[PDB]
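*Asks:* Got a structure for you, start.tsv, holding TSV, N, CA and C atoms.
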```
chain	number	residue	atom	x	y	z
A	1	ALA	N	68.82	42.38	137.40
A	1	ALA	CA	69.35	42.67	138.77
A	1	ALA	C	68.66	41.87	139.89
A	2	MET	N	67.60	42.44	140.47
A	2	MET	CA	66.90	41.78	141.57
A	2	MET	C	65.43	41.51	141.29
A	3	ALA	N	64.69	41.14	142.34
A	3	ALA	CA	63.26	40.84	142.22
A	3	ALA	C	62.52	41.08	143.53
A	4	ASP	N	61.41	41.81	143.45
A	4	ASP	CA	60.62	42.15	144.63
A	4	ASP	C	59.72	41.04	145.15
A	5	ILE	N	60.19	39.80	145.05
A	5	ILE	CA	59.46	38.62	145.54
A	5	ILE	C	57.96	38.76	145.79
A	6	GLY	N	57.61	39.45	146.88
A	6	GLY	CA	56.21	39.64	147.22
A	6	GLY	C	55.81	41.09	147.41
A	7	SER	N	54.91	41.55	146.55
A	7	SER	CA	54.40	42.91	146.59
A	7	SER	C	52.92	42.81	146.26
A	8	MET	N	52.54	41.59	145.87
A	8	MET	CA	51.18	41.15	145.50
A	8	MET	C	50.16	42.12	144.87
A	9	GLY	N	50.59	43.31	144.45
A	9	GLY	CA	49.64	44.20	143.83
A	9	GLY	C	49.55	45.62	144.33
A	10	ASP	N	48.41	46.23	144.01
A	10	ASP	CA	48.10	47.60	144.36
A	10	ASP	C	46.79	47.64	145.14
A	11	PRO	N	46.41	48.82	145.67
A	11	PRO	CA	45.16	48.90	146.43
A	11	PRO	C	44.05	48.15	145.69
A	12	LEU	N	43.54	48.69	144.58
A	12	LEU	CA	42.51	47.97	143.85
A	12	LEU	C	42.48	47.98	142.33
A	13	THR	N	41.84	46.93	141.80
A	13	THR	CA	41.67	46.68	140.38
A	13	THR	C	41.28	47.95	139.67
A	14	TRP	N	41.77	48.08	138.44
A	14	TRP	CA	41.52	49.25	137.63
A	14	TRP	C	40.07	49.65	137.66
A	15	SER	N	39.21	48.65	137.69
A	15	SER	CA	37.79	48.92	137.75
A	15	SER	C	37.49	49.81	138.97
A	16	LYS	N	37.68	49.23	140.15
A	16	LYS	CA	37.45	49.92	141.42
A	16	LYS	C	37.99	51.34	141.38
A	17	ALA	N	39.26	51.44	141.06
A	17	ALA	CA	39.92	52.72	140.99
A	17	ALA	C	39.13	53.58	140.05
A	18	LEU	N	38.74	52.98	138.94
A	18	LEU	CA	37.97	53.71	137.97
A	18	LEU	C	36.85	54.38	138.71
A	19	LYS	N	35.88	53.59	139.16
A	19	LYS	CA	34.73	54.10	139.89
A	19	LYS	C	35.11	55.30	140.72
A	20	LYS	N	35.82	55.05	141.82
A	20	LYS	CA	36.23	56.15	142.68
A	20	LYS	C	36.93	57.26	141.91
A	21	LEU	N	37.64	56.87	140.85
A	21	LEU	CA	38.38	57.82	140.02
A	21	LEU	C	37.59	59.07	139.64
A	22	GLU	N	36.53	58.86	138.85
A	22	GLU	CA	35.67	59.94	138.35
A	22	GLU	C	35.21	60.91	139.42
A	23	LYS	N	34.96	60.40	140.63
A	23	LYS	CA	34.53	61.25	141.74
A	23	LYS	C	35.51	62.40	141.90
A	24	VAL	N	36.79	62.07	142.02
A	24	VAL	CA	37.82	63.08	142.15
A	24	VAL	C	37.55	64.19	141.16
A	25	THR	N	37.39	65.40	141.67
A	25	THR	CA	37.13	66.54	140.81
A	25	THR	C	38.21	66.66	139.76
A	26	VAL	N	38.20	67.73	138.97
A	26	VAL	CA	39.20	67.89	137.93
A	26	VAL	C	39.49	69.35	137.65
A	27	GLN	N	40.23	69.57	136.56
A	27	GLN	CA	40.65	70.89	136.05
A	27	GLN	C	39.69	72.07	136.30
A	28	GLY	N	39.16	72.66	135.23
A	28	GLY	CA	38.24	73.79	135.34
A	28	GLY	C	37.32	73.67	136.54
A	29	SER	N	36.28	72.85	136.40
A	29	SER	CA	35.32	72.59	137.47
A	29	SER	C	34.35	71.51	137.03
A	30	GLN	N	34.92	70.48	136.43
A	30	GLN	CA	34.16	69.34	135.96
A	30	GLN	C	34.95	68.11	136.41
A	31	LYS	N	34.28	67.17	137.06
A	31	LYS	CA	34.93	65.97	137.55
A	31	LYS	C	35.55	65.10	136.43
A	32	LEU	N	36.00	63.89	136.77
A	32	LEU	CA	36.64	63.01	135.78
A	32	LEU	C	35.65	62.01	135.24
A	33	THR	N	35.80	61.67	133.97
A	33	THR	CA	34.90	60.73	133.30
A	33	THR	C	35.54	59.38	133.18
A	34	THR	N	34.78	58.32	133.42
A	34	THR	CA	35.35	57.00	133.29
A	34	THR	C	36.21	57.00	132.02
A	35	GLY	N	35.58	57.25	130.88
A	35	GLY	CA	36.30	57.28	129.62
A	35	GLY	C	37.56	58.14	129.62
A	36	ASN	N	37.52	59.29	130.31
A	36	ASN	CA	38.67	60.20	130.40
A	36	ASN	C	39.89	59.34	130.68
A	37	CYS	N	39.66	58.38	131.56
A	37	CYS	CA	40.67	57.44	131.95
A	37	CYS	C	41.05	56.54	130.78
A	38	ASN	N	40.17	55.63	130.41
A	38	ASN	CA	40.45	54.71	129.32
A	38	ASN	C	41.18	55.47	128.24
A	39	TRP	N	40.94	56.77	128.17
A	39	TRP	CA	41.59	57.58	127.17
A	39	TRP	C	43.09	57.63	127.38
A	40	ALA	N	43.49	58.15	128.52
A	40	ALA	CA	44.91	58.24	128.84
A	40	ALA	C	45.55	56.86	128.91
A	41	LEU	N	44.76	55.84	129.20
A	41	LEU	CA	45.34	54.53	129.27
A	41	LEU	C	45.64	54.16	127.84
A	42	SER	N	44.61	54.21	127.01
A	42	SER	CA	44.74	53.91	125.60
A	42	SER	C	45.84	54.76	125.00
A	43	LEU	N	45.79	56.04	125.30
A	43	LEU	CA	46.77	56.95	124.78
A	43	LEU	C	48.19	56.34	124.80
A	44	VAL	N	48.51	55.57	125.84
A	44	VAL	CA	49.84	54.95	125.98
A	44	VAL	C	49.84	53.52	125.44
A	45	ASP	N	48.88	52.74	125.91
A	45	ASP	CA	48.69	51.36	125.52
A	45	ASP	C	48.94	51.24	124.04
A	46	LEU	N	48.66	52.33	123.33
A	46	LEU	CA	48.83	52.40	121.89
A	46	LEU	C	50.21	52.90	121.53
A	47	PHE	N	50.64	53.96	122.20
A	47	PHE	CA	51.96	54.53	121.94
A	47	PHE	C	53.09	53.53	122.13
A	48	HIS	N	52.88	52.57	123.02
A	48	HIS	CA	53.88	51.57	123.33
A	48	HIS	C	53.44	50.21	122.79
A	49	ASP	N	52.44	50.19	121.94
A	49	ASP	CA	51.97	48.93	121.40
A	49	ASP	C	51.63	47.89	122.45
A	50	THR	N	51.36	48.30	123.69
A	50	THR	CA	51.00	47.36	124.75
A	50	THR	C	49.52	47.02	124.76
A	51	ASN	N	49.00	46.53	125.87
A	51	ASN	CA	47.58	46.20	125.86
A	51	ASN	C	46.84	46.20	127.21
A	52	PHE	N	47.22	47.10	128.11
A	52	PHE	CA	46.57	47.18	129.42
A	52	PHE	C	45.11	47.50	129.23
A	53	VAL	N	44.89	48.47	128.35
A	53	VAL	CA	43.58	48.93	127.99
A	53	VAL	C	42.76	47.69	127.79
A	54	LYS	N	43.45	46.62	127.46
A	54	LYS	CA	42.81	45.35	127.26
A	54	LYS	C	42.81	44.58	128.58
A	55	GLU	N	43.96	44.50	129.23
A	55	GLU	CA	44.07	43.74	130.47
A	55	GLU	C	43.07	44.10	131.56
A	56	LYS	N	42.45	43.07	132.15
A	56	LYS	CA	41.43	43.26	133.19
A	56	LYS	C	41.87	44.12	134.36
A	57	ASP	N	43.14	44.00	134.70
A	57	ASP	CA	43.73	44.79	135.76
A	57	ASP	C	45.20	44.81	135.45
A	58	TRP	N	45.97	45.48	136.30
A	58	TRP	CA	47.39	45.56	136.10
A	58	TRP	C	47.98	46.50	137.13
A	59	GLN	N	49.26	46.31	137.43
A	59	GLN	CA	49.94	47.14	138.42
A	59	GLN	C	50.66	48.32	137.78
A	60	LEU	N	50.59	49.46	138.44
A	60	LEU	CA	51.20	50.66	137.92
A	60	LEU	C	52.65	50.50	137.61
A	61	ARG	N	53.40	49.89	138.53
A	61	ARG	CA	54.84	49.69	138.29
A	61	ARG	C	54.99	49.20	136.87
A	62	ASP	N	54.06	48.36	136.44
A	62	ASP	CA	54.10	47.86	135.09
A	62	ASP	C	53.99	49.00	134.10
A	63	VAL	N	53.19	50.02	134.42
A	63	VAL	CA	53.02	51.12	133.49
A	63	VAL	C	53.64	52.48	133.82
A	64	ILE	N	53.67	52.81	135.09
A	64	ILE	CA	54.19	54.09	135.50
A	64	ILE	C	55.50	54.50	134.82
A	65	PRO	N	56.36	53.53	134.47
A	65	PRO	CA	57.61	53.98	133.83
A	65	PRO	C	57.44	54.31	132.36
A	66	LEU	N	56.25	54.00	131.82
A	66	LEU	CA	55.94	54.26	130.41
A	66	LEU	C	55.46	55.69	130.24
A	67	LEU	N	54.65	56.11	131.19
A	67	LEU	CA	54.10	57.45	131.20
A	67	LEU	C	55.11	58.44	130.69
A	68	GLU	N	56.15	58.68	131.48
A	68	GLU	CA	57.20	59.61	131.11
A	68	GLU	C	57.37	59.87	129.62
A	69	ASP	N	57.46	58.81	128.83
A	69	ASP	CA	57.65	59.00	127.40
A	69	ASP	C	56.44	59.57	126.72
A	70	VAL	N	55.27	59.29	127.28
A	70	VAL	CA	54.02	59.82	126.74
A	70	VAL	C	53.89	61.29	127.18
A	71	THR	N	53.74	61.52	128.48
A	71	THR	CA	53.63	62.88	128.99
A	71	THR	C	54.66	63.72	128.27
A	72	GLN	N	55.72	63.09	127.81
A	72	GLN	CA	56.77	63.84	127.14
A	72	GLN	C	56.53	64.16	125.67
A	73	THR	N	55.60	63.44	125.05
A	73	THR	CA	55.28	63.59	123.63
A	73	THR	C	54.15	64.59	123.35
A	74	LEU	N	53.04	64.44	124.08
A	74	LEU	CA	51.89	65.33	123.92
A	74	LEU	C	52.23	66.71	124.49
A	75	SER	N	52.24	67.74	123.62
A	75	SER	CA	52.57	69.13	124.01
A	75	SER	C	51.44	69.96	124.62
A	76	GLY	N	50.42	70.22	123.81
A	76	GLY	CA	49.30	71.01	124.28
A	76	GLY	C	48.82	70.47	125.60
A	77	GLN	N	47.91	71.23	126.21
A	77	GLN	CA	47.29	70.89	127.49
A	77	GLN	C	47.19	69.39	127.47
A	78	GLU	N	47.04	68.85	126.26
A	78	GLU	CA	46.93	67.42	126.04
A	78	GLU	C	47.89	66.79	127.04
A	79	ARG	N	49.02	67.45	127.24
A	79	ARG	CA	50.01	66.99	128.19
A	79	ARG	C	49.43	66.97	129.61
A	80	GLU	N	49.27	68.15	130.21
A	80	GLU	CA	48.74	68.23	131.57
A	80	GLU	C	47.53	67.35	131.62
A	81	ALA	N	46.73	67.46	130.58
A	81	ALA	CA	45.55	66.66	130.48
A	81	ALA	C	46.02	65.27	130.89
A	82	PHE	N	46.86	64.65	130.08
A	82	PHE	CA	47.37	63.31	130.37
A	82	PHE	C	47.90	63.13	131.80
A	83	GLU	N	49.01	63.79	132.09
A	83	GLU	CA	49.64	63.64	133.39
A	83	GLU	C	48.68	63.77	134.52
A	84	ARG	N	48.08	64.94	134.61
A	84	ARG	CA	47.13	65.20	135.66
A	84	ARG	C	46.22	63.97	135.81
A	85	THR	N	45.78	63.38	134.70
A	85	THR	CA	44.91	62.22	134.83
A	85	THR	C	45.69	61.19	135.60
A	86	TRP	N	46.92	60.95	135.17
A	86	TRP	CA	47.66	59.96	135.89
A	86	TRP	C	47.85	60.35	137.34
A	87	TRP	N	48.62	61.40	137.60
A	87	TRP	CA	48.84	61.79	138.99
A	87	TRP	C	47.70	61.18	139.77
A	88	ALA	N	46.50	61.40	139.25
A	88	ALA	CA	45.31	60.90	139.88
A	88	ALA	C	45.25	59.38	139.79
A	89	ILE	N	44.74	58.83	138.68
A	89	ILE	CA	44.63	57.37	138.50
A	89	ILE	C	45.72	56.56	139.23
A	90	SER	N	46.94	57.07	139.19
A	90	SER	CA	48.03	56.40	139.90
A	90	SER	C	47.69	56.55	141.38
A	91	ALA	N	47.68	57.81	141.84
A	91	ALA	CA	47.36	58.17	143.23
A	91	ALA	C	46.15	57.35	143.64
A	92	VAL	N	45.04	57.67	142.99
A	92	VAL	CA	43.77	57.01	143.19
A	92	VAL	C	43.93	55.48	143.27
A	93	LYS	N	44.43	54.90	142.18
A	93	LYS	CA	44.62	53.47	142.13
A	93	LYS	C	45.36	53.00	143.37
A	94	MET	N	46.29	53.85	143.82
A	94	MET	CA	47.13	53.53	144.97
A	94	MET	C	46.49	53.85	146.32
A	95	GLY	N	45.18	53.60	146.41
A	95	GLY	CA	44.47	53.82	147.65
A	95	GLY	C	44.60	55.22	148.22
A	96	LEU	N	45.10	56.16	147.43
A	96	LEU	CA	45.22	57.53	147.90
A	96	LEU	C	43.95	58.33	147.55
A	97	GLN	N	42.92	58.22	148.40
A	97	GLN	CA	41.69	58.96	148.16
A	97	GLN	C	41.99	60.45	148.20
A	98	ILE	N	41.98	61.06	147.03
A	98	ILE	CA	42.25	62.47	146.93
A	98	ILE	C	40.93	63.15	146.56
A	99	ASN	N	40.90	64.48	146.68
A	99	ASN	CA	39.70	65.25	146.38
A	99	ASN	C	39.93	66.13	145.18
A	100	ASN	N	40.87	65.71	144.35
A	100	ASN	CA	41.22	66.42	143.13
A	100	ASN	C	42.45	65.81	142.45
A	101	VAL	N	42.56	66.03	141.14
A	101	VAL	CA	43.71	65.55	140.40
A	101	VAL	C	44.95	66.23	141.01
A	102	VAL	N	45.42	67.32	140.40
A	102	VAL	CA	46.59	68.07	140.87
A	102	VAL	C	46.99	67.65	142.30
A	103	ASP	N	46.06	67.77	143.23
A	103	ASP	CA	46.30	67.36	144.60
A	103	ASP	C	46.57	65.87	144.51
A	104	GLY	N	47.85	65.49	144.50
A	104	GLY	CA	48.17	64.08	144.38
A	104	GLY	C	49.26	63.90	143.34
A	105	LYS	N	49.91	65.02	143.03
A	105	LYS	CA	51.02	65.05	142.10
A	105	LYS	C	52.11	64.41	142.93
A	106	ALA	N	52.04	64.70	144.22
A	106	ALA	CA	52.98	64.17	145.19
A	106	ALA	C	52.94	62.67	144.94
A	107	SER	N	51.89	62.05	145.46
A	107	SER	CA	51.67	60.63	145.33
A	107	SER	C	52.38	60.08	144.08
A	108	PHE	N	52.24	60.80	142.96
A	108	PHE	CA	52.86	60.39	141.70
A	108	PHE	C	54.33	60.31	141.96
A	109	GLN	N	54.96	61.46	142.08
A	109	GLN	CA	56.38	61.52	142.35
A	109	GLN	C	56.90	60.29	143.10
A	110	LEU	N	56.26	60.00	144.23
A	110	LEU	CA	56.63	58.86	145.05
A	110	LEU	C	56.44	57.54	144.30
A	111	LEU	N	55.35	57.44	143.54
A	111	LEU	CA	55.03	56.23	142.77
A	111	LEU	C	55.99	56.06	141.60
A	112	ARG	N	56.53	57.17	141.10
A	112	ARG	CA	57.46	57.12	139.98
A	112	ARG	C	58.79	56.65	140.50
A	113	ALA	N	59.46	57.49	141.27
A	113	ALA	CA	60.75	57.11	141.85
A	113	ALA	C	60.73	55.64	142.26
A	114	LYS	N	59.71	55.24	143.01
A	114	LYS	CA	59.58	53.88	143.47
A	114	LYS	C	59.58	52.89	142.33
A	115	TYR	N	58.54	52.90	141.51
A	115	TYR	CA	58.49	51.95	140.42
A	115	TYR	C	59.23	52.30	139.15
A	116	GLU	N	59.93	53.44	139.13
A	116	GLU	CA	60.64	53.86	137.93
A	116	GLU	C	62.10	53.45	137.90
```
Let me see the structure of the file written as structure tokens.
*Replies:*
Amino acid sequence: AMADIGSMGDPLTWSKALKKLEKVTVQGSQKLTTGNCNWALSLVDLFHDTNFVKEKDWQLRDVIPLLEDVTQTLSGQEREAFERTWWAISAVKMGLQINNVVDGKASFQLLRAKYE
């Protein structure tokens, strides 16, 4: 169909987002772990035979449309576990400094519709 000519990226590299990422509190009452992330990334990077987990950086639009199929496969909390991580990582990655995962489900919605 079309092409978004210039969008040049997202707020910051997965790394940066990572750092700030963990700060954002989490579920029960334990913040997020760097690895917690690489986990949900890998969780998909593998499910779709892709390789972001490998890629130095990457834009969500590239991945956000993949999530759906994953969040849709993992049943147990494993699910919320996953999504909630994203809501965040996506939100977070998208310069949306949040003070918690859940808080930023919004941001997701907007990031999905947009890049989905």
*Asks:* Rank nothing, just name the residue among A:2, A:112, A:70, A:23 nearest to residue 43 of chain A, using all atoms listed in the file.
*Replies:*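 Of A:2, A:112, A:70, A:23, the one nearest residue 43 of chain A, counting all atoms listed in the file, is A:70.
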*Asks:* How far is it from atom N of residue 74 of chain A to atom C of residue 114 of chain A, in Å with one decimal?
*Replies:*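 Calculated distance between atom N of residue 74 of chain A and atom C of residue 114 of chain A is 22.6 Å.
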*Asks:* Mind giving me the straight-line distance from atom CA of residue 58 of chain A to atom N of residue 31 of chain A in Å, one decimal?
*Replies:* 25.3 Å
*Asks:* Would you mind reading off the distance between atom C of residue 106 of chain A and atom C of residue 80 of chain A, one decimal, in Å?
*Replies:*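 Atom C of residue 80 of chain A lies 15.1 Å from atom C of residue 106 of chain A.
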*Asks:* Go through A:45, A:19, A:51, A:115 one by one, measure the shortest atom-to-atom distance of each to residue 64 of chain A using only N, CA and C atoms, and give the residue with the smallest value.
*Replies:* A:115
*Asks:* Quick one: residues within 7 Å of residue 92 of chain A, all atoms listed in the file counted, chain neighbours fewer than 6 positions away excluded, as a list in words?
*Replies:*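 That gives residues 12, 17, 20, 21, 86 and 98 of chain A.
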*Asks:* Would you kindly return, as a ChimeraX atom specification, each protein, DNA or RNA residue with an atom no farther than 8 Å from any atom of residue 24 of chain A, considering all atoms listed in the file and excluding same-chain residues fewer than 5 positions away?
*Replies:* /A:19,30-33,97-101
*Asks:* With only N, CA and C atoms as the basis for distance, which of A:42, A:15, A:54, A:102 is at the shortest distance from residue 83 of chain A?
*Replies:*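 Looking only at the distances to residue 83 of chain A, the closest residue turns out to be A:102.
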*Asks:* Within segment 26-111 of chain A, find each residue whose DSSP state, derived from the backbone, is helix (DSSP H, G or I), and express the selection as a PyMOL selection string.
*Replies:* chain A and resi 34-47+60-71+78-93+105-111
*Asks:* I'd like to know which of A:3, A:40, A:66, A:8 is closest to residue 85 of chain A, using all atoms listed in the file.
*Replies:*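 Result for the nearest residue to residue 85 of chain A: A:40.
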*Asks:* Only C-alpha atoms needed: put segment 8-116 of chain A from the block into a file as a PDB file, in the first residue's frame.
*Replies:*
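Result went into result.pdb, see below:
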```
ATOM      1  CA  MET A   8      13.179   7.963  11.848  1.00  0.00           C
ATOM      2  CA  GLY A   9      12.611   5.829  14.947  1.00  0.00           C
ATOM      3  CA  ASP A  10      11.421   5.783  18.524  1.00  0.00           C
ATOM      4  CA  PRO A  11      12.375   7.728  21.666  1.00  0.00           C
ATOM      5  CA  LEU A  12      15.386   5.549  22.513  1.00  0.00           C
ATOM      6  CA  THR A  13      17.449   2.451  21.770  1.00  0.00           C
ATOM      7  CA  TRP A  14      16.360  -0.734  23.468  1.00  0.00           C
ATOM      8  CA  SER A  15      19.301  -0.333  25.753  1.00  0.00           C
ATOM      9  CA  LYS A  16      18.256   3.090  27.094  1.00  0.00           C
ATOM     10  CA  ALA A  17      14.679   1.972  27.430  1.00  0.00           C
ATOM     11  CA  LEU A  18      15.992  -1.062  29.154  1.00  0.00           C
ATOM     12  CA  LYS A  19      17.790   0.939  31.829  1.00  0.00           C
ATOM     13  CA  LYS A  20      14.853   3.186  32.598  1.00  0.00           C
ATOM     14  CA  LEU A  21      12.644   0.129  32.088  1.00  0.00           C
ATOM     15  CA  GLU A  22      13.541  -1.761  35.299  1.00  0.00           C
ATOM     16  CA  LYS A  23      12.932   1.375  37.377  1.00  0.00           C
ATOM     17  CA  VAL A  24       9.242   1.221  36.541  1.00  0.00           C
ATOM     18  CA  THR A  25       7.720  -0.720  39.399  1.00  0.00           C
ATOM     19  CA  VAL A  26       5.817  -3.929  38.686  1.00  0.00           C
ATOM     20  CA  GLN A  27       3.114  -6.442  39.700  1.00  0.00           C
ATOM     21  CA  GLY A  28       3.112  -7.555  43.371  1.00  0.00           C
ATOM     22  CA  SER A  29       5.676  -5.063  44.685  1.00  0.00           C
ATOM     23  CA  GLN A  30       8.916  -5.839  42.936  1.00  0.00           C
ATOM     24  CA  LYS A  31      10.285  -3.676  40.118  1.00  0.00           C
ATOM     25  CA  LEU A  32      11.271  -4.929  36.626  1.00  0.00           C
ATOM     26  CA  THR A  33      14.477  -6.816  35.871  1.00  0.00           C
ATOM     27  CA  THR A  34      16.591  -6.127  32.841  1.00  0.00           C
ATOM     28  CA  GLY A  35      16.344  -9.829  32.021  1.00  0.00           C
ATOM     29  CA  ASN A  36      12.561  -9.770  32.635  1.00  0.00           C
ATOM     30  CA  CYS A  37      12.620  -7.838  29.437  1.00  0.00           C
ATOM     31  CA  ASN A  38      15.029  -9.867  27.311  1.00  0.00           C
ATOM     32  CA  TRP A  39      12.690 -12.606  28.414  1.00  0.00           C
ATOM     33  CA  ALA A  40       9.522 -11.296  26.832  1.00  0.00           C
ATOM     34  CA  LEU A  41      11.562 -10.176  23.873  1.00  0.00           C
ATOM     35  CA  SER A  42      13.048 -13.609  23.442  1.00  0.00           C
ATOM     36  CA  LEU A  43       9.711 -15.133  24.213  1.00  0.00           C
ATOM     37  CA  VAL A  44       8.554 -13.752  20.802  1.00  0.00           C
ATOM     38  CA  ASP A  45      11.823 -13.429  18.907  1.00  0.00           C
ATOM     39  CA  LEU A  46      11.680 -17.199  19.198  1.00  0.00           C
ATOM     40  CA  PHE A  47       7.977 -17.748  18.650  1.00  0.00           C
ATOM     41  CA  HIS A  48       8.259 -15.926  15.331  1.00  0.00           C
ATOM     42  CA  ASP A  49      11.722 -17.187  14.492  1.00  0.00           C
ATOM     43  CA  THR A  50      12.882 -13.543  14.353  1.00  0.00           C
ATOM     44  CA  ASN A  51      15.963 -12.030  15.921  1.00  0.00           C
ATOM     45  CA  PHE A  52      15.442  -8.672  17.694  1.00  0.00           C
ATOM     46  CA  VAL A  53      16.740 -10.237  20.842  1.00  0.00           C
ATOM     47  CA  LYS A  54      19.786 -10.205  18.666  1.00  0.00           C
ATOM     48  CA  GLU A  55      19.341  -6.821  16.972  1.00  0.00           C
ATOM     49  CA  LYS A  56      21.127  -3.914  18.694  1.00  0.00           C
ATOM     50  CA  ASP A  57      17.981  -1.831  18.526  1.00  0.00           C
ATOM     51  CA  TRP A  58      14.724  -1.863  16.647  1.00  0.00           C
ATOM     52  CA  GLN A  59      11.415  -0.060  16.326  1.00  0.00           C
ATOM     53  CA  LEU A  60       8.263  -1.306  17.994  1.00  0.00           C
ATOM     54  CA  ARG A  61       6.161  -0.969  14.865  1.00  0.00           C
ATOM     55  CA  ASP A  62       8.461  -3.706  13.692  1.00  0.00           C
ATOM     56  CA  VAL A  63       7.401  -5.846  16.644  1.00  0.00           C
ATOM     57  CA  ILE A  64       4.244  -4.521  18.230  1.00  0.00           C
ATOM     58  CA  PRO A  65       2.097  -6.336  15.670  1.00  0.00           C
ATOM     59  CA  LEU A  66       3.739  -9.639  16.647  1.00  0.00           C
ATOM     60  CA  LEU A  67       2.866  -9.376  20.304  1.00  0.00           C
ATOM     61  CA  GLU A  68      -0.806 -10.077  19.780  1.00  0.00           C
ATOM     62  CA  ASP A  69      -0.088 -13.611  18.642  1.00  0.00           C
ATOM     63  CA  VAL A  70       2.157 -14.205  21.628  1.00  0.00           C
ATOM     64  CA  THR A  71       0.047 -12.569  24.352  1.00  0.00           C
ATOM     65  CA  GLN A  72      -2.564 -14.757  22.746  1.00  0.00           C
ATOM     66  CA  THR A  73      -0.699 -18.052  23.202  1.00  0.00           C
ATOM     67  CA  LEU A  74       0.613 -17.911  26.792  1.00  0.00           C
ATOM     68  CA  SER A  75      -2.387 -18.602  29.116  1.00  0.00           C
ATOM     69  CA  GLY A  76      -1.266 -18.505  32.723  1.00  0.00           C
ATOM     70  CA  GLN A  77      -0.269 -15.223  34.326  1.00  0.00           C
ATOM     71  CA  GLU A  78       2.516 -15.942  31.887  1.00  0.00           C
ATOM     72  CA  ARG A  79       0.158 -13.933  29.715  1.00  0.00           C
ATOM     73  CA  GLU A  80      -0.309 -10.789  31.828  1.00  0.00           C
ATOM     74  CA  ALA A  81       3.259 -11.360  32.723  1.00  0.00           C
ATOM     75  CA  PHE A  82       4.130 -10.924  29.035  1.00  0.00           C
ATOM     76  CA  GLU A  83       1.719  -8.177  28.060  1.00  0.00           C
ATOM     77  CA  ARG A  84       2.144  -6.101  31.131  1.00  0.00           C
ATOM     78  CA  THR A  85       5.874  -6.205  30.360  1.00  0.00           C
ATOM     79  CA  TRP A  86       5.147  -4.891  26.968  1.00  0.00           C
ATOM     80  CA  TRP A  87       2.533  -2.283  27.834  1.00  0.00           C
ATOM     81  CA  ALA A  88       5.555  -1.029  29.655  1.00  0.00           C
ATOM     82  CA  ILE A  89       8.606  -1.655  27.393  1.00  0.00           C
ATOM     83  CA  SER A  90       6.497  -0.296  24.536  1.00  0.00           C
ATOM     84  CA  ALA A  91       5.252   2.661  26.629  1.00  0.00           C
ATOM     85  CA  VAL A  92       8.660   3.061  28.198  1.00  0.00           C
ATOM     86  CA  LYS A  93      10.537   2.665  24.925  1.00  0.00           C
ATOM     87  CA  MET A  94       8.154   5.285  23.573  1.00  0.00           C
ATOM     88  CA  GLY A  95       9.443   8.009  25.856  1.00  0.00           C
ATOM     89  CA  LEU A  96       6.420   7.481  28.087  1.00  0.00           C
ATOM     90  CA  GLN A  97       8.040   7.680  31.538  1.00  0.00           C
ATOM     91  CA  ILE A  98       5.547   5.753  33.605  1.00  0.00           C
ATOM     92  CA  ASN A  99       5.696   4.832  37.294  1.00  0.00           C
ATOM     93  CA  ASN A 100       4.388   1.324  36.784  1.00  0.00           C
ATOM     94  CA  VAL A 101       3.599  -1.330  34.190  1.00  0.00           C
ATOM     95  CA  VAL A 102      -0.247  -1.526  34.130  1.00  0.00           C
ATOM     96  CA  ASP A 103      -0.226   2.283  34.192  1.00  0.00           C
ATOM     97  CA  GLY A 104       0.584   2.590  30.512  1.00  0.00           C
ATOM     98  CA  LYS A 105      -1.745   0.000  29.067  1.00  0.00           C
ATOM     99  CA  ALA A 106      -3.152   3.077  27.420  1.00  0.00           C
ATOM    100  CA  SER A 107       0.098   3.978  25.731  1.00  0.00           C
ATOM    101  CA  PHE A 108       0.013   0.406  24.378  1.00  0.00           C
ATOM    102  CA  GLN A 109      -3.424   0.614  22.890  1.00  0.00           C
ATOM    103  CA  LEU A 110      -2.346   3.756  21.064  1.00  0.00           C
ATOM    104  CA  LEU A 111       0.954   2.127  19.987  1.00  0.00           C
ATOM    105  CA  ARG A 112      -0.928  -0.925  18.706  1.00  0.00           C
ATOM    106  CA  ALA A 113      -3.662   0.714  16.675  1.00  0.00           C
ATOM    107  CA  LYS A 114      -0.971   3.004  15.271  1.00  0.00           C
ATOM    108  CA  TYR A 115       1.626   0.452  14.272  1.00  0.00           C
ATOM    109  CA  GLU A 116      -0.772  -2.486  13.968  1.00  0.00           C
TER     110      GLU A 116
END
```
